[PDB]
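[1] An experimental structure, sequence included, is below.
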2 protein chains.
Amino acid sequence: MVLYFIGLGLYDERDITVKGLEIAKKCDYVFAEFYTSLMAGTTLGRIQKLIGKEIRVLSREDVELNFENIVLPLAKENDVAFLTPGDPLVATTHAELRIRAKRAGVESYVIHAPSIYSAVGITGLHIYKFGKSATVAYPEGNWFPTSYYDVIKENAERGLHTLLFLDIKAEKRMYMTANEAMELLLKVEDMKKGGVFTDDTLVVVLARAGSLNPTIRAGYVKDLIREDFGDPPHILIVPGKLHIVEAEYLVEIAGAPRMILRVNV
Amino acid sequence: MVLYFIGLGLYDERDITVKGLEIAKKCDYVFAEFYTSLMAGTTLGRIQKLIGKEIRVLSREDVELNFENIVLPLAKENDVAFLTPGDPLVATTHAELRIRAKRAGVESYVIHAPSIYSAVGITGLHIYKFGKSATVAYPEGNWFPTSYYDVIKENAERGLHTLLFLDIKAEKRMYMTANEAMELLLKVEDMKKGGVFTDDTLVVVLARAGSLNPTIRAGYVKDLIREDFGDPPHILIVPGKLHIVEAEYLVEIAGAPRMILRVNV
Ligand SMILES: Nc1ncnc2c1ncn2[C@@H]1O[C@H](CSCC[C@H](N)C(=O)O)[C@@H](O)[C@H]1O
């Protein structure tokens, strides 16, 4: 009579940790959500096969409004698991579900899985150099989100890199590409005109991290804004001032233009 | 012709991903390094038995100075794995290892695993609010390094959280405790008197992340500085101003005093 929050990792069913798999195999009931991120290399069927259980998938409303009425009841009698893409507590509000579990008298445990937040290390950029992170959200109606632009500005003034989670509307099967996030940023730039994101800004794209062949590309917005980075999910990074070894990696591994090697210390 | 960078995850031998395990098993040769960190919840013997391969351990000098003479040669006609604690490439120097593989005409792929960078999401603190990260180093001889103190100050004045890695002598297996880190910081505060770390500063201590029973504690320095957080490894975090949901989690899950919901929000 326990609840496990188990991450499924970055790309496919095998990105689950061994810990997570052996525990999920022995749970009486398994629930999951696939709206906080997209695992482009697997299916519900392959996940069910691996864990050997029937997974019931919940929507954002099931989780946000009825988690305590749908999942918690069973965890009082049984050992229940709640699976999520990547790490369950990164760039989600699932941490709060722990609090609901405690007041329902249910003990909860967390099994981590690889997360996009640390997988950025594959870009060659020093992970300690990342500053505040932000989310590029799709505009809707007359509401046009722009706070993520200011995040970039603040980080870059400090010489820190900016990680940008891209929006996702899983019920619409919509996954924001790096391209779309660049276009949105250029628009915010025309408006605020702070010189923060232009045709000359160096960016880094990481798509489908976790796969054996993720797309890793670095370059100026003018040259990458229309490039095909493959299927989602995508993440966009606006680097701060680069260390030489960072630049060397972006060039050798991410095909960045030779000219970024000459940093302006 | 292939080199696999495989992460071992956070604490024990089950923290490797299913993908990482299966690939490691199909490799002709398996190397590991334990100089960037250790896997405090297991042993080399137990990891070897899980992988079903003898594992040759490499020292810092093995890697930094002779990676191309020890590892790359076998990867020319074999499948070779290089295991590292946490998520590969999060350690500042390992990304350039990929460049060496390239220069030697060797294919390389990265198999991710949970990292402390994402795992701290279990503290209930929003991942996006973390700013620049740093390492607390022991002073020694005539050298008193204090840059980590400066990192806290510039993150906190922007309302950002500071993730602090604590000094480790992997080879000697000596860990800096969160307690020592706190006293260190208090000493640096008395030196710089910038009002960044005092008895009244709120901190979060995460110990043995990855374990089913990690220690997560939150409170003021004056009450936590002599408390026993258990066995290493310890991670220290100095949160910036909290969102109410953050504070509620710290109170409900990490045993923080109610006081923070009116003092640090
Ligand atoms: N494998 C992957 N490759 C690239 N971006 C990814 C990714 N997985 C997640 N993301 C990014 O993160 C967003 C979801 S945010 C939720 C993240 C998740 N808890 C984790 O730990 O990874 C996506 O819209 C996308 O921009």
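    Cool, the structure landed. Residues are numbered from 1 along each chain as shown, chains lettered A, B, ... in the order given.
[2] switch to C-alpha atoms for all contacts and neighbour counts from now on
    OK.
[3] Now the phi/psi pair for residue A:84, please.
    As for residue A:84, its main-chain torsions (degrees, to the nearest 10) stand at phi -140, psi 160.
[4] wait, doesn't it sit right on residue A:31?
    No - if you go by CA atoms under 8 Å, residue A:84 and residue A:31 don't touch, sitting 9.0 Å apart.
[5] okay, these two: which has more neighbours?
    Using other CA atoms under 10 Å in any protein chain shown, the more surrounded residue of residue A:84 and residue A:31 is residue A:84, with 26 against 18.
[6] nearest spatial neighbour of that one, skipping sequence neighbours?
    Spatially, and ignoring its direct neighbours in sequence, residue A:84 is nearest to residue A:7 (5.1 Å; CA to CA, 6 or more residues apart in numbering or on different chains).
[7] which ones are touching that neighbour?
    Residue A:7 is in contact with A:16, A:20, A:83-88, A:111-114, counting by CA atoms under 8 Å, 6 or more residues apart in numbering or on different chains.
[8] Next up, phi/psi of residue A:161, please.
    phi -80, psi 150.
[9] ranges for the helices of the stretch 51-200 of chain A?
    Applying DSSP state H, counting those that start in this stretch to the stretch 51-200 of chain A gives helices spanning A:60-70, A:72-75, A:95-103, A:116-119, A:147-157, A:178-192.
[10] if I've got this straight, residue A:30 is in a strand?
    Yes - counting by DSSP: H, G, I helix; E, B strand; the rest coil, residue A:30 is part of a strand.
[11] That one pairs with what?
    Beta-bridge partners of residue A:30, counted by DSSP bridges, are residue A:55, residue A:81.
[12] how many other residues sit next to it?
    Neighbour count of residue A:30, defined by other CA under 10 Å: 23.
[13] Likewise for residue A:107?
    Neighbour count of residue A:107, defined by other CA under 10 Å: 17.
[14] which residues sit in contact with residue A:94?
    Residues counted as contacts of residue A:94 (CA under 8 Å, 6+ apart) are residue A:88.
[15] what's the answer for the one 5 residues further on, then?
    Each residue near residue A:99 by CA under 8 Å, 6+ apart is listed here: B:249, B:252-253.
[16] where's it relative to residue B:192, distance?
    Distance of residue A:99 to residue B:192, computed by CA to CA, to the nearest Å: 39 Å.
[17] about what we covered before: put together TSV for the contacts of residue A:99, with neighbour count and secondary structure on each row.
    Converted to TSV, the contacts of residue A:99 look like this (neighbours: other CA atoms under 10 Å in any protein chain shown; DSSP: H, G, I helix; E, B strand; the rest coil):
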residue	neighbour count	secondary structure
B:249	22	helix
B:252	17	helix
B:253	20	coil
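[18] contacts with chain A among these, please.
    B:249, B:252-253 (CA under 8 Å from any CA of the partner chain).
[19] between the residues you listed, which is nearest the ligand?
    residue B:249 (17.7 Å; CA to the nearest ligand atom).
[20] Could you check how far the closest one is from residue A:93?
    Counting by CA to CA, the gap from residue B:249 to residue A:93 is 11 Å.
[21] And residue A:106, by the same measure?
    With CA to CA as the criterion, residue A:106 and residue A:93 are 18 Å apart.
[22] for the spatially most central residue of chain A, what are its contacts?
    Among the residues of chain A, the one closest to the centroid is residue A:116, at 4.8 Å (CA atoms, centre = their mean). By CA under 8 Å, 6+ apart, residue A:116 lies in contact with A:10, A:86, A:209.
[23] For these, give me a markdown table that also has distance to the ligand.
    Shown next, in a markdown table, are the contacts of residue A:116 (distance: CA to the nearest ligand atom, whole Å):
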| residue | distance to the ligand |
| --- | --- |
| A:10 | 4 |
| A:86 | 4 |
| A:209 | 4 |
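[24] could those go into a markdown table alongside distance to residue A:167 and neighbour count?
    Below are the contacts of residue A:116 laid out as a markdown table (distance: CA to CA, whole Å; neighbours: other CA atoms under 10 Å in any protein chain shown):
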| residue | distance to residue A:167 | neighbour count |
| --- | --- | --- |
| A:10 | 16 | 29 |
| A:86 | 15 | 30 |
| A:209 | 16 | 28 |
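[25] Residue A:17 - how many residues pack around it?
    Using other CA under 10 Å, residue A:17 is surrounded by 30 other residues.
[26] Could you do residue A:160 as well?
    Using other CA under 10 Å, residue A:160 has 25 other residues around it.
[27] you'd agree it is up against residue A:243?
    No - with contact defined as CA under 8 Å, residue A:160 does not reach residue A:243; the gap is 10.9 Å.
[28] Now residue A:206. Its backbone dihedrals?
    Dihedral angles (degrees, to the nearest 10) for residue A:206: phi -130, psi 110.
[29] no, scratch that, I was asking about residue A:235
    Per-residue torsions, residue A:235: phi -130, psi 150 (degrees, to the nearest 10).
[30] So which of the contacts of residue A:7 belong to strands?
    Among the contacts of residue A:7, the members found in strands (DSSP state E) are A:83-84, A:111.
[31] Go through those and name the one nearest the ligand.
    Checking these against the ligand by CA to the nearest ligand atom gives residue A:84 as the nearest, at 7.3 Å.
[32] quick check: domain ranges of chain A?
    Domain assignment for chain A, taken from curated CATH domains, gives A:1-114, A:115-265.
[33] So for residue B:121, which of those sits nearest?
    domain A:1-114 (5.3 Å; CA to CA).
[34] The residue lying farthest from the centre of chain A - nearest residue in space that isn't next to it in sequence?
    Largest separation from the mean C-alpha position in chain A: residue A:77, at 33.2 Å (CA atoms, centre = their mean). With sequence-adjacent residues excluded and distances taken as CA to CA, 6+ apart, residue A:77 is closest to residue A:1, at 5.1 Å.
[35] just checking, the one you found touches residue A:76?
    Yes - applying CA under 8 Å as the test, residue A:1 and residue A:76 come out as touching, 5.0 Å apart.
[36] Can you pull the residues of chain A lying near the ligand?
    Residues of chain A lying near the ligand by CA under 6 Å from any ligand atom: A:10-11, A:36-37, A:85-92, A:115-117, A:165-168, A:206-210, A:233-235.
[37] Residue A:76: neighbour count?
    Using other CA under 10 Å, residue A:76 is surrounded by 17 other residues.
[38] Verify the contact between it and residue A:2 for me.
    Yes - between residue A:76 and residue A:2 there is a contact at 6.9 Å, judged by CA under 8 Å.
[39] what touches both of the two?
    When contacts are counted by CA under 8 Å, 6+ apart, residue A:76 and residue A:2 have residue A:106 as shared neighbours.
[40] residue contacts, residue A:68?
    Residue A:68 touches A:100-101, A:104, counting by CA under 8 Å, 6+ apart.
[41] one more time with 10 Å, if that's ok
    A:62, A:74-75, A:97, A:100-101, A:103-104 (CA atoms under 10 Å, 6 or more residues apart in numbering or on different chains).
[42] With residue A:60 instead?
    Contacts of residue A:60 (CA under 10 Å, 6+ apart): A:33-36, A:66-67, A:170-171.
[43] of all those, which comes closest to chain B?
    Proximity of those to chain B (CA to the nearest CA) peaks at residue A:36, which lies at 14.2 Å.
[44] didn't that closest one look like it was pressed against residue A:58?
    No - Residue A:36 is not in contact with residue A:58 according to CA atoms under 10 Å; the separation is 11.4 Å.
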